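Peer 1: First piece of the complex, coordinates kept as in the full assembly:
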Amino acid sequence: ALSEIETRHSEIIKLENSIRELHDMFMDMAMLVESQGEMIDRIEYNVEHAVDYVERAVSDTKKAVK
Amino acid sequence: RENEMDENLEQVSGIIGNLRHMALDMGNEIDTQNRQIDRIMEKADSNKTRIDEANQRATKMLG
Amino acid sequence: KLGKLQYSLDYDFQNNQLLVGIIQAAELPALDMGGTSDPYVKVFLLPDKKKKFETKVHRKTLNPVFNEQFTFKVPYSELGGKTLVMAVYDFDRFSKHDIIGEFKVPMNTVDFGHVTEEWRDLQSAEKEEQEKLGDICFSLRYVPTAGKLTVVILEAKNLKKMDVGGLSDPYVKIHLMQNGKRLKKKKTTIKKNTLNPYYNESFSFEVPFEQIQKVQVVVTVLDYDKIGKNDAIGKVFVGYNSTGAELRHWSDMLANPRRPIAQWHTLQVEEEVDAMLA
Amino acid sequence: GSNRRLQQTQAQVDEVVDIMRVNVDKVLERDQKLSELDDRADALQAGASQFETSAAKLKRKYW
């Protein structure tokens, strides 16, 4: 029947649309993870510089009470 | 062909299952790292406080 | 080069069948015995794995006369996605029948409207590259400071079938080797019944930056058998004596410290991989 | 079954859609926390630099 093949085809196309939604969702996920990654890199840079400054300050304070 | 169609359906189904496993592991990892970011940010606030107080005292000791 | 083949081609729209004509070949090489060849032609359709038809064997001739015709029960609409393959072979009684030369004609380029008949120079066919075994993707992360090597087994695809009547029961075993000695044996979980397994399992090793160029990591994808020793599907190895994409990924890991690098790798037979390890 | 394969695959697909949606929202929260952590980090290295300068002053003065 044309009704059966067309409804079958309909379920198929619906499955394709759902899969497209999942696809866009996964790619979006990858994108966000990348962005978060670079921002995390920035955070790490700030943290390392902070480690340096703190370390210097600690050496200075420790040497000042000597 | 109907055979190629159904076979494609099967392959797609399996790959989808793989995507499920990936999604779950991903989710757990994201949660753990969220908790991690929370802890790190708390430590960040504590260290912010310590640096501000120590710097305030330091500048006050000038003279 | 080194040969010509006269072929005919026509489609019977009434019976919906393909008419392939094998008339005569010319300018054939002097194999096997000195003088003239013993030729016979195997003709078949692609991608059909159907029974390959073959013409009569002709005793001692470089200019053979077949004058035979073959019929292929093929729908016309499906014919556009097919390709006619004609392969000329040399008959050998006590040896493997060496292929003289084959060529292929795309059926979506053939005008079945008029009776087709053409001479075509035989082409030296391509040779299958061993057998497909499969690919495996994983990530490599190395931190020289702590000497920690993070190898995260990600996944695999197109793995060869082992188990009879079934697909596979794939699992990944990691061998950390040096000087032909197996030092560390780490293995992943078993994903039952799959040709596209997913793991995402992280592993870590102690690798000093002084020996980073003297260590070899052998990844082996095997199939789990319920009873008996589990047969190995394939394996690849990186590090020392590494080649191609392996040395590429290794060098990428070295050039990118404190960072994981994901990459695919084509599996090779266990024999050759074990052989490449000096 | 023929229709059954479609229904099954569809079900798996929708499931992964739900799970991945949740994971995406979790990555959004992660993103907020990462932003806040970024600002806090920059401010922290700023304050650490200033405290380093102050420590330099007090050291040069008191030692």
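Peer 2: Perfect, thanks for sending it. Numbering: from 1, shown residues only, chains lettered A, B, ... in the order given.

Peer 1: would you say residue C:258 is within a strand?
Peer 2: No - read with DSSP: H, G, I helix; E, B strand; the rest coil, residue C:258 is coil and lies in no strand.

Peer 1: And residue A:49, its phi and psi?
Peer 2: The phi/psi pair for residue A:49 (degrees, to the nearest 10) reads phi -60, psi -40.

Peer 1: ok, now which ones touch it?
Peer 2: Applying Cβ atoms under 8 Å, 6 or more residues apart in numbering or on different chains, we find residue A:49 in contact with D:45, D:48, D:49. Placement of C-beta: from N, CA and C, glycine included.

Peer 1: which residues of the chain fall in helices?
Peer 2: I'll assume chain A. Secondary structure of chain A (DSSP state H): helices at A:2-64.

Peer 1: meant chain C actually
Peer 2: Under DSSP H, chain C gives helices at C:76-79, C:245-255, C:270-276.

Peer 1: Nearest approach to chain B belongs to which of those?
Peer 2: With Cβ to the nearest Cβ as the criterion, chain B lies closest to helix C:76-79 of those, at 8.0 Å.

Peer 1: which secondary structure elements does the closest one contact?
Peer 2: Contact partners of helix C:76-79 among helices and strands, from 3 or more Cβ pairs under 8 Å, 6 or more residues apart in numbering or on different chains; DSSP states H and E: none.

Peer 1: For the residue of chain D found nearest chain C, give its distance to chain A.
Peer 2: Distances between chain D and chain C by Cβ to the nearest Cβ are smallest at residue D:16, namely 12.7 Å. According to Cβ to the nearest Cβ, to the nearest Å, residue D:16 and chain A sit 6 Å apart.

Peer 1: That residue against residue B:18, yeah?
Peer 2: No - here residue D:16 does not reach residue B:18: they are 9.5 Å apart, not a contact under Cβ atoms under 8 Å.

Peer 1: picking that back up, okay if I get the helices of chain C as a markdown table plus mean neighbour count?
Peer 2: Below are these laid out as a markdown table (neighbours: other Cβ atoms under 10 Å in any protein chain shown):
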| stretch | mean neighbour count |
| --- | --- |
| helix C:76-79 | 13 |
| helix C:245-255 | 17 |
| helix C:270-276 | 13 |
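
Peer 1: between the ones you listed, which gets nearest to residue C:45?
Peer 2: helix C:76-79 (8.9 Å; Cβ to Cβ).

Peer 1: List the contacts of the closest one.
Peer 2: B:1, C:11, C:13, C:16, C:18, C:107, C:108, C:112.

Peer 1: CA atoms of that helix as CSV?
Peer 2: Output of helix C:76-79 as CSV, limited to C-alpha atoms (Å, rounded to 0.1, in the frame of the first residue of the first chain):
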residue,chain,number,x,y,z
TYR,C,76,17.6,-1.6,-15.5
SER,C,77,17.2,0.9,-12.7
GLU,C,78,19.8,-0.9,-10.6
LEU,C,79,22.2,-1.2,-13.5
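
Peer 1: Neighbours of residue 62, how many?
Peer 2: You didn't pick a chain, so chain A it is. 11 (other Cβ atoms under 10 Å in any protein chain shown).

Peer 1: not quite, I wanted chain D
Peer 2: 13.

Peer 1: so who does it touch?
Peer 2: Residue D:62 touches residue A:64, counting by Cβ under 8 Å, 6+ apart.

Peer 1: throw chain E onto that model:
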Amino acid sequence: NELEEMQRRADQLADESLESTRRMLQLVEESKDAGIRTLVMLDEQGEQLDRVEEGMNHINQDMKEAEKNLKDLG
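Peer 2: Okay, chain E now, added to the rest:
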């Protein structure tokens, strides 16, 4: 009548469903690779966050020591 056209419509919808399945396979494959890259990046950023936390702890220790020094000077 429209019998022939009906049959050709059936084959047309069949082919449409077939190519649909093809598109499905391509899409799920691209989604798959996207997810893999996602996981890898999450590993990188994760270890990075671990290192950031360790750094924060070291900062806390050092700053506590400096705090002790300032309490000594006080």
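
Peer 1: once more on the neighbour count of residue D:62, this time with chain E?
Peer 2: By other Cβ under 10 Å, the burial measure for residue D:62, its neighbour count, is 14.

Peer 1: Relative to residue B:57, how far out is it?
Peer 2: For residue D:62, the distance to residue B:57 equals 13 Å [Cβ to Cβ, to the nearest Å].

Peer 1: just residue C:45 next, same as before
Peer 2: Computed as Cβ to Cβ, the residue C:45 to residue B:57 distance reads 89 Å.

Peer 1: Which one of the two is surrounded by more residues?
Peer 2: Remark: of residue C:45 and residue B:57, residue C:45 carries more neighbours, 20 against 16, as counted by other Cβ under 10 Å.

Peer 1: Just list whatever residues bridge to the more buried one.
Peer 2: residue C:84 (DSSP bridges).

Peer 1: Surely it touches residue C:74?
Peer 2: Yes - counting by Cβ under 8 Å, residue C:45 does reach residue C:74; the two are 7.0 Å apart.

Peer 1: ok, how many other residues are close to the residue nearest to residue C:206 when sequence neighbours are not counted?
Peer 2: Closest residue to residue C:206 apart from its sequence neighbours, by Cβ to Cβ, 6 or more residues apart in numbering or on different chains: residue C:147 at 5.8 Å. Residue C:147 has 15 neighbours, counted by other Cβ under 10 Å.

Peer 1: State the distance from residue C:147 to chain E.
Peer 2: Taking Cβ to the nearest Cβ, one finds residue C:147 at 15 Å from chain E.

Peer 1: ok, that residue - contacts?
Peer 2: Shown in contact with residue C:147 (Cβ under 8 Å, 6+ apart): C:206, C:207, C:208, C:209.

Peer 1: Any chance of TSV for these, columns neighbour count?
Peer 2: Converted to TSV, the contacts of residue C:147 look like this (neighbours: other Cβ under 10 Å):
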residue	neighbour count
C:206	11
C:207	20
C:208	10
C:209	14
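
Peer 1: Would you point out the most distant pair within the residues you listed?
Peer 2: Between any two of those (Cβ to Cβ), the greatest distance is 11.3 Å, for C:206 and C:209.

Peer 1: residues touching the residue nearest the centre of chain A, list them.
Peer 2: Nearest to the mean C-alpha position of chain A, by Cα atoms, centre = their mean, lies residue A:33 at 1.3 Å. With contact set as Cβ under 8 Å, 6+ apart, residue A:33 has these partners: D:27, E:38, E:41, E:42, E:45.

Peer 1: again, but for residue D:44
Peer 2: A:46, A:47, A:50, B:44, B:47, B:48, B:51.

Peer 1: Let me know how buried the second one is, in neighbour terms.
Peer 2: Look at residue A:47: counted by other Cβ under 10 Å, it has 27 neighbours.

Peer 1: now it: how far from residue D:18?
Peer 2: Counting by Cβ to Cβ - residue A:47 and residue D:18 are separated by 36 Å.

Peer 1: Could you do residue A:61 as well?
Peer 2: Distance from residue A:61 to residue D:18, by Cβ to Cβ: 55 Å.

Peer 1: who's more crowded, the two?
Peer 2: The neighbour count for residue A:61 versus residue D:18, taken as other Cβ under 10 Å, is higher for residue A:61 (28 against 12).

Peer 1: Cross the contacts of residue A:33 against helices and list the overlap.
Peer 2: Reading helices off the contacts of residue A:33 with DSSP H, I get D:27, E:38, E:41, E:42, E:45.
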